[PDB]
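Text of run30.pdb, listed as PDB, C-alpha atoms:
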```pdb
MODEL        1
ATOM      1  CA  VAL A   1      32.638  13.555  12.139  1.00  0.00           C
ATOM      2  CA  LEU A   2      31.491  16.839  13.650  1.00  0.00           C
ATOM      3  CA  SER A   3      33.081  17.156  17.042  1.00  0.00           C
ATOM      4  CA  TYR A   4      34.139  20.609  15.811  1.00  0.00           C
ATOM      5  CA  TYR A   5      32.357  23.069  18.021  1.00  0.00           C
ATOM      6  CA  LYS A   6      34.955  24.968  20.023  1.00  0.00           C
ATOM      7  CA  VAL A   7      32.857  24.958  23.182  1.00  0.00           C
ATOM      8  CA  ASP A   8      34.609  27.143  25.729  1.00  0.00           C
ATOM      9  CA  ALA A   9      34.479  26.994  29.517  1.00  0.00           C
ATOM     10  CA  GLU A  10      31.148  25.686  30.923  1.00  0.00           C
ATOM     11  CA  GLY A  11      29.286  26.109  28.755  1.00  0.00           C
ATOM     12  CA  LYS A  12      29.601  28.695  25.975  1.00  0.00           C
ATOM     13  CA  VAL A  13      30.055  27.361  22.429  1.00  0.00           C
ATOM     14  CA  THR A  14      31.962  29.024  19.599  1.00  0.00           C
ATOM     15  CA  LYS A  15      30.779  27.233  16.462  1.00  0.00           C
ATOM     16  CA  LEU A  16      33.704  26.570  14.117  1.00  0.00           C
ATOM     17  CA  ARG A  17      33.680  26.204  10.310  1.00  0.00           C
ATOM     18  CA  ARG A  18      30.815  28.724   9.930  1.00  0.00           C
ATOM     19  CA  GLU A  19      27.540  27.432   8.680  1.00  0.00           C
ATOM     20  CA  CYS A  20      25.709  27.183   5.353  1.00  0.00           C
ATOM     21  CA  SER A  21      23.434  29.936   4.009  1.00  0.00           C
ATOM     22  CA  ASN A  22      20.568  27.559   3.063  1.00  0.00           C
ATOM     23  CA  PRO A  23      17.017  27.127   4.482  1.00  0.00           C
ATOM     24  CA  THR A  24      17.529  23.368   4.107  1.00  0.00           C
ATOM     25  CA  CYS A  25      20.655  23.899   6.226  1.00  0.00           C
ATOM     26  CA  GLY A  26      18.947  25.479   9.221  1.00  0.00           C
ATOM     27  CA  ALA A  27      22.178  26.667  10.906  1.00  0.00           C
ATOM     28  CA  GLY A  28      23.072  23.027  11.472  1.00  0.00           C
ATOM     29  CA  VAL A  29      25.597  21.858   8.911  1.00  0.00           C
ATOM     30  CA  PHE A  30      28.945  23.455   8.122  1.00  0.00           C
ATOM     31  CA  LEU A  31      31.040  24.594   5.165  1.00  0.00           C
ATOM     32  CA  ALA A  32      34.204  22.730   4.162  1.00  0.00           C
ATOM     33  CA  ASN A  33      37.529  24.468   3.494  1.00  0.00           C
ATOM     34  CA  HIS A  34      39.107  23.046   0.329  1.00  0.00           C
ATOM     35  CA  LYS A  35      40.804  25.840  -1.667  1.00  0.00           C
ATOM     36  CA  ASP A  36      39.149  29.284  -2.194  1.00  0.00           C
ATOM     37  CA  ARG A  37      36.382  27.310  -0.585  1.00  0.00           C
ATOM     38  CA  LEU A  38      33.768  27.066   2.034  1.00  0.00           C
ATOM     39  CA  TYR A  39      31.461  24.380   0.842  1.00  0.00           C
ATOM     40  CA  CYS A  40      27.999  22.956   1.486  1.00  0.00           C
ATOM     41  CA  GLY A  41      28.073  19.172   1.461  1.00  0.00           C
ATOM     42  CA  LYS A  42      24.478  18.706   2.607  1.00  0.00           C
ATOM     43  CA  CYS A  43      23.012  19.783  -0.625  1.00  0.00           C
ATOM     44  CA  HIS A  44      25.569  17.431  -2.200  1.00  0.00           C
ATOM     45  CA  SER A  45      27.073  19.981  -4.579  1.00  0.00           C
ATOM     46  CA  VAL A  46      25.203  23.281  -4.698  1.00  0.00           C
ATOM     47  CA  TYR A  47      26.906  26.118  -2.922  1.00  0.00           C
ATOM     48  CA  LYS A  48      30.314  27.766  -2.807  1.00  0.00           C
ATOM     49  CA  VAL A  49      29.644  30.281  -0.035  1.00  0.00           C
ATOM     50  CA  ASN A  50      33.254  31.084   0.729  1.00  0.00           C
ATOM     51  CA  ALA A  51      35.295  33.259   3.090  1.00  0.00           C
TER      52      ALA A  51
ATOM     53  CA  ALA B   1       8.701  -0.061  42.975  1.00  0.00           C
ATOM     54  CA  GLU B   2       5.921   2.521  43.259  1.00  0.00           C
ATOM     55  CA  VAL B   3       5.537   3.934  39.755  1.00  0.00           C
ATOM     56  CA  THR B   4       9.015   4.095  38.171  1.00  0.00           C
ATOM     57  CA  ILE B   5      12.604   5.152  38.891  1.00  0.00           C
ATOM     58  CA  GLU B   6      14.167   7.079  35.945  1.00  0.00           C
ATOM     59  CA  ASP B   7      12.098   4.952  33.546  1.00  0.00           C
ATOM     60  CA  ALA B   8      10.313   8.171  32.550  1.00  0.00           C
ATOM     61  CA  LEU B   9      13.186   8.863  30.118  1.00  0.00           C
ATOM     62  CA  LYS B  10      12.785   5.393  28.556  1.00  0.00           C
ATOM     63  CA  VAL B  11       9.213   6.168  27.525  1.00  0.00           C
ATOM     64  CA  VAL B  12      10.237   9.451  25.876  1.00  0.00           C
ATOM     65  CA  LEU B  13      13.080   7.811  23.962  1.00  0.00           C
ATOM     66  CA  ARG B  14      10.495   5.200  22.955  1.00  0.00           C
ATOM     67  CA  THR B  15       8.096   7.873  21.651  1.00  0.00           C
ATOM     68  CA  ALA B  16      10.945   9.499  19.735  1.00  0.00           C
ATOM     69  CA  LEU B  17      12.119   6.003  18.726  1.00  0.00           C
ATOM     70  CA  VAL B  18       8.963   4.894  16.948  1.00  0.00           C
ATOM     71  CA  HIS B  19       7.732   8.298  15.731  1.00  0.00           C
ATOM     72  CA  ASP B  20      11.100   9.632  14.484  1.00  0.00           C
ATOM     73  CA  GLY B  21      11.956  12.256  17.071  1.00  0.00           C
ATOM     74  CA  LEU B  22      15.461  10.973  17.744  1.00  0.00           C
ATOM     75  CA  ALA B  23      18.313  12.833  16.250  1.00  0.00           C
ATOM     76  CA  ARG B  24      20.273   9.784  17.368  1.00  0.00           C
ATOM     77  CA  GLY B  25      24.036  10.089  17.199  1.00  0.00           C
ATOM     78  CA  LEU B  26      26.118  13.096  18.362  1.00  0.00           C
ATOM     79  CA  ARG B  27      26.534  14.714  14.949  1.00  0.00           C
ATOM     80  CA  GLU B  28      22.843  14.525  13.957  1.00  0.00           C
ATOM     81  CA  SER B  29      22.028  15.458  17.554  1.00  0.00           C
ATOM     82  CA  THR B  30      24.125  18.624  17.221  1.00  0.00           C
ATOM     83  CA  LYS B  31      22.252  19.316  14.001  1.00  0.00           C
ATOM     84  CA  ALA B  32      19.131  19.196  16.161  1.00  0.00           C
ATOM     85  CA  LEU B  33      21.011  21.371  18.677  1.00  0.00           C
ATOM     86  CA  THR B  34      22.030  23.872  15.995  1.00  0.00           C
ATOM     87  CA  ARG B  35      18.276  24.004  15.222  1.00  0.00           C
ATOM     88  CA  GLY B  36      15.426  25.021  17.553  1.00  0.00           C
ATOM     89  CA  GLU B  37      14.119  21.428  17.641  1.00  0.00           C
ATOM     90  CA  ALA B  38      15.856  20.240  20.820  1.00  0.00           C
ATOM     91  CA  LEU B  39      13.798  20.386  24.009  1.00  0.00           C
ATOM     92  CA  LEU B  40      15.455  17.183  25.257  1.00  0.00           C
ATOM     93  CA  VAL B  41      19.162  16.329  25.271  1.00  0.00           C
ATOM     94  CA  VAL B  42      19.993  13.117  27.111  1.00  0.00           C
ATOM     95  CA  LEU B  43      23.722  12.447  27.485  1.00  0.00           C
ATOM     96  CA  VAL B  44      25.821   9.699  29.105  1.00  0.00           C
ATOM     97  CA  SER B  45      28.727   9.855  31.548  1.00  0.00           C
ATOM     98  CA  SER B  46      31.587   7.423  30.874  1.00  0.00           C
ATOM     99  CA  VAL B  47      33.075   8.669  27.575  1.00  0.00           C
ATOM    100  CA  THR B  48      36.748   9.247  26.581  1.00  0.00           C
ATOM    101  CA  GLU B  49      38.571  12.660  26.667  1.00  0.00           C
ATOM    102  CA  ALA B  50      35.345  14.312  28.026  1.00  0.00           C
ATOM    103  CA  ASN B  51      35.391  16.857  25.167  1.00  0.00           C
ATOM    104  CA  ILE B  52      32.243  15.574  23.471  1.00  0.00           C
ATOM    105  CA  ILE B  53      30.593  15.627  26.899  1.00  0.00           C
ATOM    106  CA  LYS B  54      31.687  19.264  26.946  1.00  0.00           C
ATOM    107  CA  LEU B  55      30.145  19.636  23.457  1.00  0.00           C
ATOM    108  CA  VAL B  56      26.815  18.090  24.507  1.00  0.00           C
ATOM    109  CA  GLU B  57      26.310  20.011  27.746  1.00  0.00           C
ATOM    110  CA  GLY B  58      27.779  23.097  26.088  1.00  0.00           C
ATOM    111  CA  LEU B  59      25.140  23.203  23.373  1.00  0.00           C
ATOM    112  CA  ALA B  60      22.570  21.862  25.869  1.00  0.00           C
ATOM    113  CA  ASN B  61      23.225  24.602  28.445  1.00  0.00           C
ATOM    114  CA  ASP B  62      24.417  27.578  26.281  1.00  0.00           C
ATOM    115  CA  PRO B  63      22.623  30.926  26.737  1.00  0.00           C
ATOM    116  CA  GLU B  64      19.823  30.523  24.171  1.00  0.00           C
ATOM    117  CA  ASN B  65      16.330  29.507  25.450  1.00  0.00           C
ATOM    118  CA  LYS B  66      17.222  26.114  24.511  1.00  0.00           C
ATOM    119  CA  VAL B  67      18.651  24.593  27.716  1.00  0.00           C
ATOM    120  CA  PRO B  68      17.544  20.902  27.661  1.00  0.00           C
ATOM    121  CA  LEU B  69      19.039  18.094  29.807  1.00  0.00           C
ATOM    122  CA  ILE B  70      18.117  15.815  32.662  1.00  0.00           C
ATOM    123  CA  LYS B  71      20.878  13.200  32.972  1.00  0.00           C
ATOM    124  CA  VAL B  72      21.232   9.377  32.384  1.00  0.00           C
ATOM    125  CA  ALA B  73      24.022   6.725  32.740  1.00  0.00           C
ATOM    126  CA  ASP B  74      25.811   4.332  30.329  1.00  0.00           C
ATOM    127  CA  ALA B  75      25.727   4.584  26.537  1.00  0.00           C
ATOM    128  CA  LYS B  76      24.483   1.224  25.252  1.00  0.00           C
ATOM    129  CA  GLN B  77      21.424   1.021  27.508  1.00  0.00           C
ATOM    130  CA  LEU B  78      20.689   4.655  26.621  1.00  0.00           C
ATOM    131  CA  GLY B  79      20.765   3.584  22.970  1.00  0.00           C
ATOM    132  CA  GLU B  80      18.520   0.644  23.834  1.00  0.00           C
ATOM    133  CA  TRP B  81      15.915   3.087  25.151  1.00  0.00           C
ATOM    134  CA  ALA B  82      16.647   5.176  22.044  1.00  0.00           C
ATOM    135  CA  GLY B  83      16.165   4.119  18.460  1.00  0.00           C
ATOM    136  CA  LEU B  84      17.739   0.973  17.080  1.00  0.00           C
ATOM    137  CA  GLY B  85      15.648  -2.185  17.341  1.00  0.00           C
ATOM    138  CA  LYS B  86      16.493  -5.793  16.498  1.00  0.00           C
ATOM    139  CA  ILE B  87      14.614  -7.472  19.359  1.00  0.00           C
ATOM    140  CA  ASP B  88      14.634 -11.174  18.324  1.00  0.00           C
ATOM    141  CA  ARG B  89      13.550 -13.253  21.400  1.00  0.00           C
ATOM    142  CA  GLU B  90      13.473 -10.049  23.345  1.00  0.00           C
ATOM    143  CA  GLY B  91      15.976 -10.774  26.162  1.00  0.00           C
ATOM    144  CA  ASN B  92      18.161  -7.837  24.957  1.00  0.00           C
ATOM    145  CA  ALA B  93      19.627 -10.077  22.266  1.00  0.00           C
ATOM    146  CA  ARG B  94      21.859  -7.686  20.303  1.00  0.00           C
ATOM    147  CA  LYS B  95      25.235  -6.790  18.796  1.00  0.00           C
ATOM    148  CA  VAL B  96      24.432  -3.085  19.391  1.00  0.00           C
ATOM    149  CA  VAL B  97      27.282  -0.684  20.083  1.00  0.00           C
ATOM    150  CA  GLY B  98      26.419   2.495  21.992  1.00  0.00           C
ATOM    151  CA  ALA B  99      24.515   5.603  20.954  1.00  0.00           C
ATOM    152  CA  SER B 100      25.587   7.824  23.877  1.00  0.00           C
ATOM    153  CA  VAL B 101      24.069  11.063  22.478  1.00  0.00           C
ATOM    154  CA  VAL B 102      20.432  11.001  21.397  1.00  0.00           C
ATOM    155  CA  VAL B 103      18.264  14.101  21.175  1.00  0.00           C
ATOM    156  CA  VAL B 104      14.470  14.086  21.166  1.00  0.00           C
ATOM    157  CA  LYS B 105      12.893  16.338  18.524  1.00  0.00           C
ATOM    158  CA  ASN B 106       9.529  17.581  19.920  1.00  0.00           C
ATOM    159  CA  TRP B 107       8.598  14.013  21.147  1.00  0.00           C
ATOM    160  CA  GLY B 108       5.175  14.148  19.349  1.00  0.00           C
ATOM    161  CA  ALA B 109       3.223  13.199  22.479  1.00  0.00           C
ATOM    162  CA  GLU B 110       1.972  14.026  25.957  1.00  0.00           C
ATOM    163  CA  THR B 111       0.870  12.954  29.446  1.00  0.00           C
ATOM    164  CA  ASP B 112       2.026  11.593  32.620  1.00  0.00           C
ATOM    165  CA  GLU B 113       5.450  10.323  31.420  1.00  0.00           C
ATOM    166  CA  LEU B 114       6.278  13.133  28.970  1.00  0.00           C
ATOM    167  CA  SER B 115       4.309  15.777  30.841  1.00  0.00           C
ATOM    168  CA  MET B 116       6.071  14.510  33.985  1.00  0.00           C
ATOM    169  CA  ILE B 117       9.557  14.998  32.533  1.00  0.00           C
ATOM    170  CA  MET B 118       8.641  18.441  31.181  1.00  0.00           C
ATOM    171  CA  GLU B 119       7.199  19.338  34.596  1.00  0.00           C
ATOM    172  CA  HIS B 120      10.267  17.695  36.136  1.00  0.00           C
ATOM    173  CA  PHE B 121      13.050  19.633  34.428  1.00  0.00           C
ATOM    174  CA  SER B 122      10.946  22.783  34.032  1.00  0.00           C
ATOM    175  CA  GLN B 123       9.900  23.309  37.687  1.00  0.00           C
ATOM    176  CA  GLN B 124      11.580  21.871  40.788  1.00  0.00           C
TER     177      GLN B 124
ENDMDL
END
```
Could you show the structure in this file as structure tokens?
Amino acid sequence: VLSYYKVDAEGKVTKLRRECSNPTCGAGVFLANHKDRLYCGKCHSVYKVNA
Amino acid sequence: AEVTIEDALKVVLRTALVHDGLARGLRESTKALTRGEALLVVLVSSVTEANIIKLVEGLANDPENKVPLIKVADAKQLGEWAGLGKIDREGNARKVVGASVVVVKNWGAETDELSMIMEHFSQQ
């Protein structure tokens, strides 16, 4: 599901879909883009931290 | 043999197999990579489009302290060393499809095998 790291040339990584502001989400999971939305799915519902 | 030939990675995937140190699977592995947990990333070689290989060695070699790798061949045997067990008259006896990206989280253990691989990729 998450192949989305735009890892540039050998071997720097630009992490796409910037990550959740949660201590449970220790910079690992990402935030979905629905509408007005960047969204934490890990905690199944709780956060709309949106840009 | 004498002692072993690249079987020292098998033992570490076994220690992270039984005692839950495998972020097994590329996505969960990258969650262990986008966490400070990963001091072992073991990848495979023959994959398609090579972009997830680029992902794995990108996050496994990016400038952050955090540069773990050694290297290991084909996916399904790498998953066999890693965590999914169904042994059943143990002559490899399985319908297992590959794992191909498993990442050891802290390995919860020590000497000659695990101390050997840490000595092995730390100092040449």
Given the ChimeraX specification (/A :<9) & /B and the file above, list the residues it selects as a PDB file with C-alpha atoms, in the frame of the given file.
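After the write, result_17.pdb holds the following:
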```pdb
ATOM      1  CA  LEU B  26      26.118  13.096  18.362  1.00  0.00           C
ATOM      2  CA  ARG B  27      26.534  14.714  14.949  1.00  0.00           C
ATOM      3  CA  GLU B  28      22.843  14.525  13.957  1.00  0.00           C
ATOM      4  CA  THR B  30      24.125  18.624  17.221  1.00  0.00           C
ATOM      5  CA  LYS B  31      22.252  19.316  14.001  1.00  0.00           C
ATOM      6  CA  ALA B  32      19.131  19.196  16.161  1.00  0.00           C
ATOM      7  CA  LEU B  33      21.011  21.371  18.677  1.00  0.00           C
ATOM      8  CA  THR B  34      22.030  23.872  15.995  1.00  0.00           C
ATOM      9  CA  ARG B  35      18.276  24.004  15.222  1.00  0.00           C
ATOM     10  CA  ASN B  51      35.391  16.857  25.167  1.00  0.00           C
ATOM     11  CA  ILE B  52      32.243  15.574  23.471  1.00  0.00           C
ATOM     12  CA  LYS B  54      31.687  19.264  26.946  1.00  0.00           C
ATOM     13  CA  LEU B  55      30.145  19.636  23.457  1.00  0.00           C
ATOM     14  CA  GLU B  57      26.310  20.011  27.746  1.00  0.00           C
ATOM     15  CA  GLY B  58      27.779  23.097  26.088  1.00  0.00           C
ATOM     16  CA  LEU B  59      25.140  23.203  23.373  1.00  0.00           C
ATOM     17  CA  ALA B  60      22.570  21.862  25.869  1.00  0.00           C
ATOM     18  CA  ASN B  61      23.225  24.602  28.445  1.00  0.00           C
ATOM     19  CA  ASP B  62      24.417  27.578  26.281  1.00  0.00           C
ATOM     20  CA  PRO B  63      22.623  30.926  26.737  1.00  0.00           C
TER      21      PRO B  63
END
```
Practice problem: Kindly resolve the PyMOL selection byres ((chain B and resi 114) around 12) on the present coordinates and return the residues as a VMD selection string. | Solution: chain B and resid 7 to 16 39 to 40 104 106 to 113 115 to 122
Could you take the residues named above and write them with C-alpha atoms, as a PDB file, keeping the file's coordinate frame?
```pdb
ATOM      1  CA  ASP B   7      12.098   4.952  33.546  1.00  0.00           C
ATOM      2  CA  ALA B   8      10.313   8.171  32.550  1.00  0.00           C
ATOM      3  CA  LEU B   9      13.186   8.863  30.118  1.00  0.00           C
ATOM      4  CA  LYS B  10      12.785   5.393  28.556  1.00  0.00           C
ATOM      5  CA  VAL B  11       9.213   6.168  27.525  1.00  0.00           C
ATOM      6  CA  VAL B  12      10.237   9.451  25.876  1.00  0.00           C
ATOM      7  CA  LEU B  13      13.080   7.811  23.962  1.00  0.00           C
ATOM      8  CA  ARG B  14      10.495   5.200  22.955  1.00  0.00           C
ATOM      9  CA  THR B  15       8.096   7.873  21.651  1.00  0.00           C
ATOM     10  CA  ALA B  16      10.945   9.499  19.735  1.00  0.00           C
ATOM     11  CA  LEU B  39      13.798  20.386  24.009  1.00  0.00           C
ATOM     12  CA  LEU B  40      15.455  17.183  25.257  1.00  0.00           C
ATOM     13  CA  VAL B 104      14.470  14.086  21.166  1.00  0.00           C
ATOM     14  CA  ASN B 106       9.529  17.581  19.920  1.00  0.00           C
ATOM     15  CA  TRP B 107       8.598  14.013  21.147  1.00  0.00           C
ATOM     16  CA  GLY B 108       5.175  14.148  19.349  1.00  0.00           C
ATOM     17  CA  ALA B 109       3.223  13.199  22.479  1.00  0.00           C
ATOM     18  CA  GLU B 110       1.972  14.026  25.957  1.00  0.00           C
ATOM     19  CA  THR B 111       0.870  12.954  29.446  1.00  0.00           C
ATOM     20  CA  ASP B 112       2.026  11.593  32.620  1.00  0.00           C
ATOM     21  CA  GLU B 113       5.450  10.323  31.420  1.00  0.00           C
ATOM     22  CA  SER B 115       4.309  15.777  30.841  1.00  0.00           C
ATOM     23  CA  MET B 116       6.071  14.510  33.985  1.00  0.00           C
ATOM     24  CA  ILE B 117       9.557  14.998  32.533  1.00  0.00           C
ATOM     25  CA  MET B 118       8.641  18.441  31.181  1.00  0.00           C
ATOM     26  CA  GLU B 119       7.199  19.338  34.596  1.00  0.00           C
ATOM     27  CA  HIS B 120      10.267  17.695  36.136  1.00  0.00           C
ATOM     28  CA  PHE B 121      13.050  19.633  34.428  1.00  0.00           C
ATOM     29  CA  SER B 122      10.946  22.783  34.032  1.00  0.00           C
TER      30      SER B 122
END
```
Quiz item: Quick one: distance from CA of residue 96 in chain B to CA of residue 56 in chain B in Å, one decimal?
Solution: 21.9 Å
Quiz item: Evaluating the PyMOL selection byres ((chain B and resi 46) around 12) on the displayed file yields which residues, as a ChimeraX atom specification?
Solution: /B:43-45,47-53,72-76,98,100-101
Edge lengths and centre in Å to one decimal, as AutoDock Vina command-line options, of the axis-aligned box that encloses all listed atoms of range 69-79 of chain B with 8 Å added on every side?
```
--center_x 22.0 --center_y 9.6 --center_z 28.0 --size_x 23.7 --size_y 33.1 --size_z 26.0
```
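You will find CA of residue 78 in chain B at 15.4 Å from CA of residue 93 in chain B.
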Quiz item: Residues at most 9 Å from residue 22 in chain A, counting all atoms listed in the file, excluding those fewer than 5 positions away in the same chain, as a VMD selection string?
Solution: chain A and resid 27 40 43 47
Exercise. Have a look at CA of residue 38 in chain B and CA of residue 80 in chain B and let me know their distance in Å, one decimal.
Key: 20.0 Å
Practice problem: Write out as a list in words which residues come within 7 Å of residue 50 in chain A when counting all atoms listed in the file, dropping same-chain ones fewer than 5 positions away. | Solution: residues 36, 37, 38 and 39 of chain A
Mind filling out range 51-74 of chain B with N, CA, C and O atoms and sending it as a compact mmCIF listing (two decimals), in the coordinates of the input?
```txt
# COMPACT_ATOMS: atom_id res chain seq x y z
N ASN B 51 35.57 15.65 25.96
CA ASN B 51 35.39 16.86 25.17
C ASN B 51 34.06 16.84 24.44
O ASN B 51 33.47 17.89 24.19
N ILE B 52 33.55 15.65 24.11
CA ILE B 52 32.24 15.57 23.47
C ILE B 52 31.15 15.71 24.52
O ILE B 52 30.04 16.17 24.24
N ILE B 53 31.47 15.33 25.76
CA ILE B 53 30.59 15.63 26.90
C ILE B 53 30.49 17.13 27.07
O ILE B 53 29.41 17.69 27.32
N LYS B 54 31.63 17.81 26.92
CA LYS B 54 31.69 19.26 26.95
C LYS B 54 30.91 19.87 25.78
O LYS B 54 30.21 20.87 25.96
N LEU B 55 30.96 19.22 24.61
CA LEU B 55 30.14 19.64 23.46
C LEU B 55 28.66 19.55 23.76
O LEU B 55 27.90 20.50 23.51
N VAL B 56 28.22 18.40 24.28
CA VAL B 56 26.82 18.09 24.51
C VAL B 56 26.22 19.01 25.56
O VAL B 56 25.20 19.67 25.30
N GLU B 57 26.86 19.12 26.73
CA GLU B 57 26.31 20.01 27.75
C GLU B 57 26.61 21.47 27.44
O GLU B 57 25.93 22.37 27.96
N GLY B 58 27.58 21.74 26.56
CA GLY B 58 27.78 23.10 26.09
C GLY B 58 26.62 23.58 25.25
O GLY B 58 26.01 24.61 25.55
N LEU B 59 26.28 22.83 24.20
CA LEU B 59 25.14 23.20 23.37
C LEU B 59 23.80 22.95 24.06
O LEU B 59 22.80 23.54 23.66
N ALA B 60 23.78 22.13 25.11
CA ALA B 60 22.57 21.86 25.87
C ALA B 60 22.39 22.81 27.05
O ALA B 60 21.35 22.74 27.71
N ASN B 61 23.37 23.65 27.35
CA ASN B 61 23.22 24.60 28.44
C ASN B 61 23.65 26.02 28.07
O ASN B 61 23.66 26.90 28.95
N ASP B 62 24.02 26.26 26.80
CA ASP B 62 24.42 27.58 26.28
C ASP B 62 23.32 28.63 26.44
O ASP B 62 22.13 28.29 26.42
N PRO B 63 23.67 29.91 26.64
CA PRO B 63 22.62 30.93 26.74
C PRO B 63 21.97 31.20 25.39
O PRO B 63 22.42 32.03 24.60
N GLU B 64 20.84 30.52 25.22
CA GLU B 64 19.82 30.52 24.17
C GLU B 64 18.77 29.66 24.84
O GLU B 64 19.17 28.76 25.59
N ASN B 65 17.47 29.94 24.62
CA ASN B 65 16.33 29.51 25.45
C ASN B 65 16.40 28.04 25.85
O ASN B 65 16.50 27.73 27.04
N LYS B 66 16.25 27.14 24.89
CA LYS B 66 17.22 26.11 24.51
C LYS B 66 18.20 25.69 25.62
O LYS B 66 19.41 25.81 25.44
N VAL B 67 17.72 25.23 26.77
CA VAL B 67 18.65 24.59 27.72
C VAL B 67 18.20 23.19 28.14
O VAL B 67 17.97 22.95 29.34
N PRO B 68 18.12 22.19 27.24
CA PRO B 68 17.54 20.90 27.66
C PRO B 68 18.56 19.87 28.14
O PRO B 68 19.61 19.68 27.51
N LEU B 69 18.22 19.16 29.23
CA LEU B 69 19.04 18.09 29.81
C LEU B 69 18.23 17.45 30.92
O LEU B 69 17.29 18.07 31.42
N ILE B 70 18.52 16.20 31.31
CA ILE B 70 18.12 15.82 32.66
C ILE B 70 19.28 15.19 33.44
O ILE B 70 19.82 15.84 34.34
N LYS B 71 19.60 13.90 33.18
CA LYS B 71 20.88 13.20 32.97
C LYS B 71 20.56 11.71 33.04
O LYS B 71 19.58 11.35 33.70
N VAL B 72 21.42 10.83 32.50
CA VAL B 72 21.23 9.38 32.38
C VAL B 72 22.62 8.73 32.23
O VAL B 72 23.52 9.33 31.62
N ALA B 73 22.80 7.52 32.78
CA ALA B 73 24.02 6.72 32.74
C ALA B 73 24.24 6.05 31.37
O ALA B 73 23.72 6.49 30.34
N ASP B 74 25.03 4.97 31.40
CA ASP B 74 25.81 4.33 30.33
C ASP B 74 25.19 4.24 28.93
O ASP B 74 23.97 4.13 28.77
```
